[PDB]
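Student: curious how this folds, go ahead:
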Amino acid sequence: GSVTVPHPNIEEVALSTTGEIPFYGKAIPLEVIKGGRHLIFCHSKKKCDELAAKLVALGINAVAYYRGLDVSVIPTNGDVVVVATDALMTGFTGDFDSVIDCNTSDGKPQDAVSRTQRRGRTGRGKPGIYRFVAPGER
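Tutor: Numbering: from 1, shown residues only. Take a look at the structure below.
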């Protein structure tokens, strides 16, 4: 079927029930988004609002970017984690320590290029890391 391009520069990880920020059946350990800058990919705008504001309460500076959103994400305040869907349109991304994604759009499993395009975020200068909720389909 579709063959996504490889990319060993990024380490792949499997989200698990470990952390304080509850996610799609997984618990994101702040160690993946706290301690620096991270980009979280979400499939729902309502969650981007709580997920980002919630991080501010956890101790992380988080922002949500989606259709109809205001420029708020700022990579110049210590440690900021950007949680957005396909609205950031990269441009200045790439410099992230890791990318936490749900690997499923609209509740359905993403498509081959989705991770190909989404994975391209961590690994600009060093080995990026990618943590996803679901591994794939079967």
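
Student: so which bits of stretch 81-92 are buried?
Tutor: Within stretch 81-92, the residues that qualify as buried are 81, 82, 83, 84, 85, 88, counting by 16 or more other C-beta atoms under 10 Å. Every residue, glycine included, has its C-beta placed from N, CA and C.

Student: and if you look at stretch 98-106?
Tutor: Applying 16+ other C-beta under 10 Å to stretch 98-106 flags 98, 99, 100, 101, 102, 103, 104, 105 as buried.

Student: which one of these is nearest residue 30?
Tutor: Nearest to residue 30 among these, counting by C-beta to C-beta, is residue 100 at 10.7 Å.

Student: select the longest helix from this protein.
Tutor: Determined from DSSP state H, the single longest helix within the chain is helix 45-58.

Student: for that one, which outside residues touch it?
Tutor: Residues from elsewhere that reach helix 45-58, judged by C-beta atoms under 8 Å, 6 or more residues apart in numbering: 20-21, 30, 33-34, 40, 42, 61-69, 81, 83-85.

Student: now, the buried residues of stretch 98-106 that are in strands?
Tutor: Cross-referencing the buried residues of stretch 98-106 against strands under DSSP state E gives 98, 99, 100, 101, 104, 105.

Student: let's have those residues in CSV, adding distance to residue 125.
Tutor: Below are those laid out as CSV (distance: C-beta to C-beta, whole Å):
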residue, distance to residue 125
98, 14
99, 15
100, 20
101, 21
104, 29
105, 29
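
Student: measure the most centrally placed residue in the chain to residue 138 for me?
Tutor: Among the residues of the chain, the one closest to the centroid is residue 40, at 2.0 Å (C-alpha atoms, centre = their mean). From residue 40 over to residue 138 the distance is 25 Å, taken as C-beta to C-beta, to the nearest Å.

Student: one more: residue 126?
Tutor: For residue 126, the distance to residue 138 (C-beta to C-beta) stands at 33 Å.

Student: tell me which of these two has more neighbours.
Tutor: Shown here are residue 126 and residue 138; by other C-beta atoms under 10 Å, residue 126 has more neighbours (10 against 4).
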